[PDB]
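Residue numbers (the entry's author numbering), protein chains in the order written: chain A, 1343 to 1454; chain B, 72 to 155; chain C, 3 to 504; chain D, 109 to 215; chain E, 1 to 171; chain F, 17 to 66, 81 to 173; chain G, 1128 to 1224; chain H, 834 to 919, 933 to 980; chain I, 442 to 490. No residue lacks a Cβ here, since even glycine has one placed at the ideal position from N, Cα and C. Down below is the structure, laid out as structure tokens.
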Amino acid sequence: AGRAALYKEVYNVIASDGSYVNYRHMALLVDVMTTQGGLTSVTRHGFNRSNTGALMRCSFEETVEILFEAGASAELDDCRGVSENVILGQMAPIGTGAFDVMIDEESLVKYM
Amino acid sequence: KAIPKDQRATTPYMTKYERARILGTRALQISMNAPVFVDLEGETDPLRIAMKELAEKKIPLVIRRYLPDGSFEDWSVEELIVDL
Amino acid sequence: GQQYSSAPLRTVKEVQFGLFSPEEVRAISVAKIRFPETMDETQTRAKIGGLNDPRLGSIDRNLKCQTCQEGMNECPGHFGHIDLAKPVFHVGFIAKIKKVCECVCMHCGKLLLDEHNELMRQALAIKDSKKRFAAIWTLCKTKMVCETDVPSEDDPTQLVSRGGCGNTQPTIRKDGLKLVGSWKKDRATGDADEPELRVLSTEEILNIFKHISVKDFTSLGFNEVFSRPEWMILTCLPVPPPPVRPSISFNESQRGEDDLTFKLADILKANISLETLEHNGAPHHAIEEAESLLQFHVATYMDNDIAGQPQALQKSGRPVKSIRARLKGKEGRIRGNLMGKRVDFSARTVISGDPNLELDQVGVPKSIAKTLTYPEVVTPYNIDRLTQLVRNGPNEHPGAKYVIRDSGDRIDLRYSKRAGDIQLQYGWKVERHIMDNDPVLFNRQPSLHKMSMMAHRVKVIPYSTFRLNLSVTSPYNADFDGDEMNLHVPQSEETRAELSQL
Amino acid sequence: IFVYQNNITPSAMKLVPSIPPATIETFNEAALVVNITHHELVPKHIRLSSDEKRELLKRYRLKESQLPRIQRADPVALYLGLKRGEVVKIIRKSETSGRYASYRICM
Amino acid sequence: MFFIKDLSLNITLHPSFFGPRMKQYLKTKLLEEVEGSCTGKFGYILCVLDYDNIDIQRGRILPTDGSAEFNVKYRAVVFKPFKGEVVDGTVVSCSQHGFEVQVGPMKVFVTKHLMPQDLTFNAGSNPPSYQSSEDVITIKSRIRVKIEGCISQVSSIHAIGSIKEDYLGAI
Amino acid sequence: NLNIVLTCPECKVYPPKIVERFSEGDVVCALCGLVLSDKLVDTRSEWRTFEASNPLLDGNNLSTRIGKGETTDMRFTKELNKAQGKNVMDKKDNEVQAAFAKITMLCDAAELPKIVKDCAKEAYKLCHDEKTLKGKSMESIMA
Amino acid sequence: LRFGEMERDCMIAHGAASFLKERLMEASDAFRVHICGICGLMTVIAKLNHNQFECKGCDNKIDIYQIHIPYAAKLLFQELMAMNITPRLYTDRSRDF
Amino acid sequence: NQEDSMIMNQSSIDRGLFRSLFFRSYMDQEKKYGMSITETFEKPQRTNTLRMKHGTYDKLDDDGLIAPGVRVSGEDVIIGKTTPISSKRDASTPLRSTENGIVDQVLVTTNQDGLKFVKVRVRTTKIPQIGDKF
Amino acid sequence: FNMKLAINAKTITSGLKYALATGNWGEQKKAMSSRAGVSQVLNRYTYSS
Ligand SMILES: [Mg+2]
Ligand SMILES: [Zn+2]
Ligand SMILES: [Zn+2]
Ligand SMILES: [Zn+2]
């Protein structure tokens, strides 16, 4: 019900200004704040304090205080976030990079 | 671990991203003087060559589609439906 | 370019954060770092075997980089160490150190609570490395005695002995960079009334931490391999190489050093001082006076914006740019050099509308087209065309700026004596001008939309403005009251496809 | 279940987890005057079996970590007497699909 | 010593080679890369065994690029020298400092000092030799050496060795 | 041994200016017309007042001098101003500093020019060292 | 010009993975380091000419890799090190999931 | 003339409508760096002068200044300066690369303490173009 | 008690010159908090400006 109310509220703020945003967008935000089991805020406290990657969390607001703690807790960043691969300058695992591309010598020798 | 062809469950259709990446990759390879698997009917732009190769499904590439767990389903460009 | 290395090219899959073991800091280091002097072998023009390149990194358009050679545009720069006279707190942990002391026995190095306490075994159970340390603390902080015997896991009559030591635990509070304890005491059952008030030395905290069981510290956040709690208190100081703190040699009476090089020299000077004091007749209170100076310089170097403490200032009244402060804000290393950065193959000018452009095109001023370049690979398909743009050169519109040979070296068509008689080879790259129908990223900042950055067809046109179709105005949120727009040029066949296709 | 009017002394509350495998629940009479489950905003929660759960995780290739979580103290988690590890299947109406099934694991 | 080791090498084949002589080019490129090679981990990779059964497997197409990557699983004869290994070899070079001994793919050098005291350098000979009261060691002589230690040096492994101890020296 | 060079490689001339360019950089020879590195070093862009320092005697560092209105120094100001005032006693700190501070007081009072007024004070620091029949009086070499 | 944070976002929204990589690497920052396979540090004394590798302290003249990262990250990593933190970079995984 | 843009009578623009004068002034000092090192006003020679500007130095008279009246252009050298250090590096002032015009006036002076310093005025006439705001 | 040695003219002269120039209304090259922008360069674009 917390989710349903939270959406209702978000929806009102948009529609009050006489604007339309498709459900899904507001739904997703509402869901993300929800999933944890409570009301996880879109603040340095809420989301940024979850189990995501340390470089990711550090790219928003708490930077150095996040990397010191990352050090003493011996965190391990699995580099699945977009933030990490951007810091690292590698092709992010998003759309175009969400899959891999291989040559097949079978199909290759078939066409000639 | 790699999902068997008989147990594949991802879309039989090629994603916008897949197609954009295949066309990008082939065009890149074509441009790096890679062998072209189609009659260039006067074509000179590697993307227009790539488009042509994909149009006749003569692109020898495979999409390794990763699942959130780490497993994957491999799909041939020849076998993917291009409704885009 | 940047020369070839036989080393396997790989991608970074995991990043393993941890603290520096002083053993390791010493082991990495390529120089001792003994003197607060920059260079100047007393009024000279070479680096001093002491601070920046004692054996270290290289600068000043000169190879000398200890066998490594290479020089500037290849050398990453390698670290030196500094051996500290006495332990000092790493400003960032100071609190995690405090909390660890609060959890463990300040004499035997054993967890104040264990498997015998129910609330403990429950908090100990917590899977989350941080949440378990958090819970362990709120429990152990309160415990002010190392217990020898505790009631058995059945009867409170026959008490089972755990670890030894009966010692009373201090009430720790911080006095800015210092940790001071207040031991409960006993004296005629009462006392305190007036307790034992003493500051806990780095060395004593270090020793307790050294004695904390692997099982124990592993129950706390810590990891036996990458982050033992003993590694939070600084004993050896990694010294960053010049790349991290560049110097500039202006005109023989003007020379600019980085704030870090200043802050380091103070650390060193304060160190050299305290080392001489301990060696000589130690006057106790004149030493701890010099220690908490060293403590300050080391601390203020990593962080100068410390709450309670005075800032280290740099002659002109401005506060020293600490390391923390370089990473911190927007315009930090994170927000401003990694998560967003300025780029080449970019262009910007005043936008104006056009009823005669097609929706998807963008009017590009001739001058802008003549600057921005696309690196095209010489191929049977383009060879003749490309040779012509090369012949056309950098000044004519459909022309080119550079020729990139297989060899790696760049031919500047503007100056090369062979800019005329340039004979192309398959695989070479011609860096040619941006031309009609090239895909380009067009953008109007802010960019709170995916539609605020869209791919357009080039249309080289006269006059200094970017022309856009009027119906494309709305997504960008542009008007022609003096708005400017950004243009980015893809450099790969792949990148171009991304733009045109998505 | 122990339905109490006003309070249960901390003396009495210490006897709650004293007799396992049997389980004890405390419900303040005042909360129960109104069935929250009946509310407009409260969708159908359905408790899954050990086999049903095992299957959910198998079908979506999940670790219990990856599932959205219902908090142990949650009004509905209380109403259903959910235990840590137990999973609920939420069936909500959708303006999008008509019917949408979400799952929540207990805290 | 001299081992048969199971090994695998990843090869990145450009699309232009996706013709029927693909396996043929893969098996070939494998041999170009691996054969002759000298590593620290494995030593000298001398000869790839069982050509006819080299396992190519399925090549994954690398996404943004066209090329396919295969992990060519193979099996070969390797030579990895160790400290303490007693080897037989032929002298190659000989100087006032000692003599190098060729042991298959690698050279093992013997110091003037890592030989008995009686064996002394004779510059006044063609070619320069080491002379004992009974023995003469020169460019063609066969020697049994005890490897004292190895240095993994790029495209080779070199070693120092003694002929001072019992049952060593000329053969 | 430190050898640093930009020689084109293809047609060694030993040696000629290669251009600093205007935008492209990399110093391509007007001879082999190739490249050398990427440059990427703007010397015009020095550290302004907004960190740079122009030291004439040894090396300047600074300590303490806290005044940021965040938390009042009061107790800590005297803690650190006394602690830094103890340290300027370890290794003959006084002498050059005393000389340059007394120097800027005697010149400022007569309004001596800074550009060359400070130039002569560098000469004194070269004259205070070296031992050549100074019969030093402090005031004497100050004139 | 600055291809800033908000621009990164649009590219991420578009799914232009390779276009983004290019902007951040090829079109700006991009640099190559040699890292150690044991302690994932930039320690490696690459004498790439004589083809010598070494990570003394590891005594590793063998298990060495090369990587392409934005110089600002090479910087960031050197900075985090100077501050006693170890950002060990590994070319393989050990966790799964 | 859509979305805040406007159309101008190109005929009127020719007749002088909205034209304007433009004067930029470039300055340079001949600094004294201690007992020996002194910058100099002169036309640098490319053999004994390091890191020269790719721009042209020909418009400089031997005093290191362009005489007023000469027309200039992008990257060209208005003021020639060297900072001797040893033979000497190039510390010259080039005209902004995005501009051009004719030198209006050039004055030579000493300041409060007597450092030779020179001011150069450059005049252009800016004729209303496309992205020009009104 | 030599007068010229006693009174330092440069104190008030350059002390005012600093403020007026830079704009940090306070003493002196060690300014913060000092209020920057108190003194600024007069707009001479148009007469009205
Ligand atoms: Mg506007
Ligand atoms: Zn180096
Ligand atoms: Zn104890
Ligand atoms: Zn290592």
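List the residues that DSSP assigns as beta-bridge partners of residue i.
i                      : result
residue 1444 (chain A) : B:133
residue 1193 (chain G) : C:11 and G:1161
residue 214 (chain D)  : D:178
residue 455 (chain C)  : C:445
residue 48 (chain E)   : E:76
residue 1215 (chain G) : C:18
residue 99 (chain E)   : E:94 and E:110
I believe residue i touches residue j by the beta-carbon criterion, under 8 Å. Please report the beta-carbon distance rounded to the nearest angstrom.
i                      : j                      : result
residue 1 (chain C)    : residue 1415 (chain A) : With chain C represented from 3 up to 504, any question about residue 1 (chain C) goes unanswered, as that position is not in the structure.
residue 188 (chain D)  : residue 153 (chain D)  : 6 Å
residue 58 (chain C)   : residue 243 (chain C)  : 5 Å
residue 149 (chain C)  : residue 164 (chain C)  : 7 Å
residue 105 (chain B)  : residue 14 (chain E)   : 6 Å
residue 479 (chain C)  : residue 1128 (chain G) : Going by Cβ atoms, the distance from residue 479 (chain C) to residue 1128 (chain G) rounds to 19 Å, so no, they are not a contact pair.
residue 1217 (chain G) : residue 15 (chain C)   : 6 Å
residue 192 (chain E)  : residue 30 (chain E)   : Here chain E has residues from 1 to 171 only, and residue 192 (chain E) is not among them.
Are the CB atoms of residue j and residue i within a distance shorter than 8 Å?
i                      : j                      : result
residue 322 (chain C)  : residue 261 (chain C)  : yes
residue 1444 (chain A) : residue 59 (chain E)   : yes
residue 1413 (chain A) : residue 21 (chain C)   : yes
residue 871 (chain H)  : residue 940 (chain H)  : no
residue 292 (chain C)  : residue 302 (chain C)  : no
residue 1431 (chain A) : residue 1156 (chain G) : yes
residue 105 (chain C)  : residue 113 (chain C)  : yes
residue 427 (chain C)  : residue 379 (chain C)  : no
residue 1370 (chain A) : residue 18 (chain E)   : no
residue 104 (chain E)  : residue 79 (chain E)   : yes
residue 235 (chain C)  : residue 266 (chain C)  : no
Mapping DSSP to helix, strand and coil, what is residue i?
i                      : result
residue 153 (chain D)  : strand
residue 264 (chain C)  : helix
residue 452 (chain I)  : helix
residue 89 (chain C)   : strand
residue 1420 (chain A) : coil
residue 80 (chain B)   : coil
residue 365 (chain C)  : strand
residue 490 (chain C)  : strand
residue 237 (chain C)  : strand
residue 9 (chain E)    : strand
residue 123 (chain D)  : coil
residue 881 (chain H)  : coil
Looking at ligand 5, does it come within less than 7 Å of residue i, judged from the CB to the closest heavy atom?
i                      : result
residue 1170 (chain G) : Of the ligands this structure carries, namely ligand 1, ligand 2, ligand 3 and ligand 4, none is ligand 5.
Under 8 Å, CB to CB, which of the residues in the region 41-60 of chain E have a partner in chain A?
Cβ contacts with chain A: 56, 58, 59 and 60.
With 9 Å as the limit, tell me which residues of the region 64-93 of chain E have their beta carbon closer than that to any beta carbon of chain G; keep them in chain order.
64
Mind listing which residues of the region 119-152 of chain B have their C-beta closer than 7 Å to chain A's C-betas, in chain order?
129, 131, 132, 133, 134, 135, 136, 137, 147 and 149
So if I threshold CB-CB distances at 8 Å, which residues from the region 326-337 of chain C count as touching chain A?
Here the close residues are 326, 329, 330, 334, 336 and 337.
Counting only Cβ-Cβ distances shorter than 9 Å, please list the residues of the region 12-45 of chain E near chain B, keeping chain order.
14, 15, 16, 17, 18 and 19
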